[PDB]
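Quick notes on the structure that follows.
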Amino acid sequence: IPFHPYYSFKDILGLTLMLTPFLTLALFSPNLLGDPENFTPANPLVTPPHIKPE
Amino acid sequence: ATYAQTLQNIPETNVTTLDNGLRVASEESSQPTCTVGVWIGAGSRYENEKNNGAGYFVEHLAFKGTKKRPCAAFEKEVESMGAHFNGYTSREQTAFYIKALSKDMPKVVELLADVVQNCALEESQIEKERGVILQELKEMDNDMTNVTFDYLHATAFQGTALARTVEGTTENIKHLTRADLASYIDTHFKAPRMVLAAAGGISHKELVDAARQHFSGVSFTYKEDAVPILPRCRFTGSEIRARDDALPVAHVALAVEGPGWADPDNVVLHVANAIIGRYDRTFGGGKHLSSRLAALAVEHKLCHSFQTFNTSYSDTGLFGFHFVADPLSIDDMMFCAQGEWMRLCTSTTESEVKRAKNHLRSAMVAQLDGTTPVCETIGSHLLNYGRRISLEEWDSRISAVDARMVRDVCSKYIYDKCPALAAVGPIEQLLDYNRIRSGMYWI
C-alpha cells in the first residue's frame with residue numbers, strides 16, 4: 001500500500017501516543033531519571049559513593 | 001436554409017394512447033422503407049434474485065416463433081418479405097423492432113403484437129437456447145469492456161436491483177422454467193408499459209388503426225393499468241478489483257451517481273463530457289486533438305482508449321469514465337483523468353463549452369440518422385421523458401449552457417464525492433481507493 005496516507009497517518013498517531021508519556025514525564029516528574037549527584041558542581045576532591053552511567 | 005429552420009421544419013412526432021394504455025408514436029418522412037417496433041419498460045432491474053436473466057431468456061425465444069405461427073413459418077414469413085427483425089434488453093428497457101418497407105407497416109405491426117403477446121415458449125426450444133445463452137456468457141466473459149461495466153454496476157449499486165447483470169446468473173439460466181419465462185412475459189409485457197413507435201413513410205393513422213386491431217387485451221382491474229414504481233437503488237462509493245496479470249491490458253472505470261432521465265442537469269452533464277470527450281489510438285488528430293485528456297494521452301502514451309459517459313436511469317445514473325491502458329501507465333492516466341474532472345468543476349472556459357456544445361449538437365442530430373435510430377429515440381423519450389423532445393428543443397437547452405453553468409453542475413455531482421470504481425486485468429499500479437478518493441478535490 002502507498003505509504004501515504006496509511007503510514008504517514010499511522011506514524012503521526014504513534015508520534016502522539018508516545019509523545020504523551022514523554023511530555024508527562026518531562027513536565028511532571030522532571031528529574032525522575034536523573035542522579036541528584038549532578039546538582040553538585042564537579043569536585044575532584046570528593047568521589048561520589050556510587051559512580052554509575054545513565 | 002439555416003440550421004435553425006431545418007430544425008423547425010422537422011415533422012412532428014404523433015402520440016396517441018389506445019384504450020388498454022398502450023401508446024403509439026411515429027415520425028413520418030418521405031421514406032419508402034421504415035422501422036416500427038415496441039419499446040418496453042422491462043429488464044433485469046425489474047427482475048429479482050430468482051428470475052434474474054428471464055428477460056434475456058425471453059429475448060432468446062421472442063423470435064423462435066409464436067403459437068399462431070411456429071418457428072419455421074415465422075422465420076420464413078419474415079425473411080421472404082425482406083424485413084429485418086432485431087431487438088435487445090438492458091437493465092431498465094427491452095425492445096423488439098422491425099425494418100421493412102412502409103408498404104408492409106401493418107403486416108409488421110401484426111407480427112410484433114404476435115411476438116410480445118403470443119411467444120411460443122416451446123418446451124423443447126428452451127432447453128436449447130439454454131445451452132446457447134450459456135455459450136454467449138462465456139464469449140462475453142472475454143469482453144473486458146463489458147465485464148468492467150458490469151462490475152462497475154455490481155458495486156456502484158451493490159446490494160440492489162441495479163447491481164444485476166442483464167444476462168443473469170449461471171444458475172438462474174440453468175434452472176429457469178417454461179413457467180418463470182411465461183410469468184415474466186405475463187407480468188411485464190403490458191400495454192401501459194409499452195410503446196409502439198415507428199418512423200419512415202408511415203401514416204400515423206394507418207398505424208394507430210392497425211394498432212387497435214392487434215393490440216387488444218383489455219385490462220379489468222385497476223392494478224393492470226397503473227405503471228409500478230420501482231424501489232430505489234442505493235449508490236455506494238466503493239471499488240472492486242478483479243486482478244489478472246495474465247491479461248495484456250488493464251481496464252478502469254470510475255463514476256459518481258447520476259441524476260436520472262428526467263433531470264435537466266443531464267444536458268449540462270452531457271455538455272461536460274463533450275469537453276473531456278474520448279480518445280483511441282486510431283484518432284488521427286493525435287497531439288492536436290482539442291481534448292486535453294486526449295492530448296496528454298498522446299503526449300505521454302497514457303492509454304489505448306478512453307470514454308466518458310452519462311448512463312442514465314429512471315431514478316438514478318452513472319457519470320464517469322473508462323479507459324484501457326498498459327500495466328505501467330495506469331496511474332499517470334488515472335491521475336490526469338481525475339485532473340480533468342477537477343478542471344471541469346473549477347476552471348472551465350467559455351471556449352471549451354462553446355465547442356463542447358457544437359460537438360453535442362452534432363451528436364444528437366447523428367443519433368437520428370436513419371429510421372431505426374429515430375424509432376429508437378421515440379420509443380425511448382416516451383418511455384423515459386413521457387413525451388418527445390425535438391432537436392429544436394434539445395438545441396435550445398444546449399445553447400443555454402455556459403461555463404459558469406458547467407462548473408456548478410459538475411461541482412454538484414463530482415466534487416468531493418466518493419466514487420465507485422472497477423478495475424480489471426493487471427491493475428497493480430493503480431492503487432488505493434483512498435488515493436483515488438482524494439483525487440476528487442482541489443483542481
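Ordering of the C-alpha cells sets the chain letters (A, B, ...); residue numbers start at 1 within each chain; ligands are numbered from 1 in the order shown.
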Report task. Show which residues sit within 10 Å of region 29-33 of chain A, as number ranges by chain. Count only C-alpha atoms, and ignore same-chain residues fewer than 5 positions away. Result -> A: 23-24, 54
Selection from above, N, CA and C atoms, as a compact mmCIF listing (two decimals), in the first residue's frame, can you write it?
```txt
# COMPACT_ATOMS: atom_id res chain seq x y z
N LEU A 23 6.17 13.83 27.42
CA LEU A 23 5.87 15.13 27.99
C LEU A 23 5.40 15.03 29.43
N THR A 24 4.56 14.03 29.71
CA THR A 24 4.05 13.83 31.07
C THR A 24 5.19 13.73 32.06
N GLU A 54 24.43 6.62 32.82
CA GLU A 54 22.98 6.77 32.66
C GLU A 54 22.29 5.41 32.44
```
Provide as a PyMOL selection string the residues of chain B at most 8 Å from chain A, counting only C-alpha atoms. chain B and resi 431-432+434-435
Just C-alpha atoms for this one: save the residues we selected as a PDB file, in the first residue's frame.
```
ATOM      1  CA  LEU B 431      -3.969   1.600  -6.320  1.00  0.00           C
ATOM      2  CA  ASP B 432      -5.691   2.605  -3.136  1.00  0.00           C
ATOM      3  CA  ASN B 434      -8.093   6.340  -0.556  1.00  0.00           C
ATOM      4  CA  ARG B 435      -5.701   7.901  -3.005  1.00  0.00           C
TER       5      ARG B 435
END
```
Determine which residues of region 91-325 of chain B DSSP labels as helix (DSSP H, G or I) from the backbone of this structure, then write them out as an MDAnalysis selection string. chainID B and resid 102:118 123:140 144:156 161:163 170:175 178:188 191:193 204:214 223:225 265:276 286:288 292:299
Determine, counting only C-alpha atoms, which protein, DNA and RNA residues have an atom within 9 Å of an atom of region 317-320 of chain B; residues of the same chain fewer than 4 positions away are not included. Present the result as JSON, numbers by chain.
{"B": [153, 156, 253, 254, 255, 256, 257, 258, 259, 260, 261, 269, 273, 307, 308, 309, 310, 311, 312, 313, 413, 414, 419]}
List the neighbours of region 116-123 of chain B out to 12 Å using only C-alpha atoms; skip same-chain residues closer than 5 positions along the sequence, and give me the result as a ChimeraX atom specification.
/B:37-40,55,57-71,74,87,94-97,109-111,128-130,176-191,194-196,214-217
CA of residue 399 (chain B) sits from CA of residue 357 (chain B) at a separation of 7.1 Å
*Shell around residue 37 (chain A) at 12 Å using only C-alpha atoms, local window under 5 positions removed, as a ChimeraX atom specification*: /A:31,42-43,46-53
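Interatomic distance, CA of residue 208 (chain B) to CA of residue 34 (chain B): 15.4 Å.
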note - CA of residue 388 (chain B) and CA of residue 200 (chain B) are separated by 16.6 Å
>> DSSP on the backbone, strand (DSSP E or B) only: what residues of region 60-293 of chain B does that give? Format it as a ChimeraX atom specification.
In response: /B:65-66,70,84-89,94-101,119,194-200,239-243,250-258,278-280
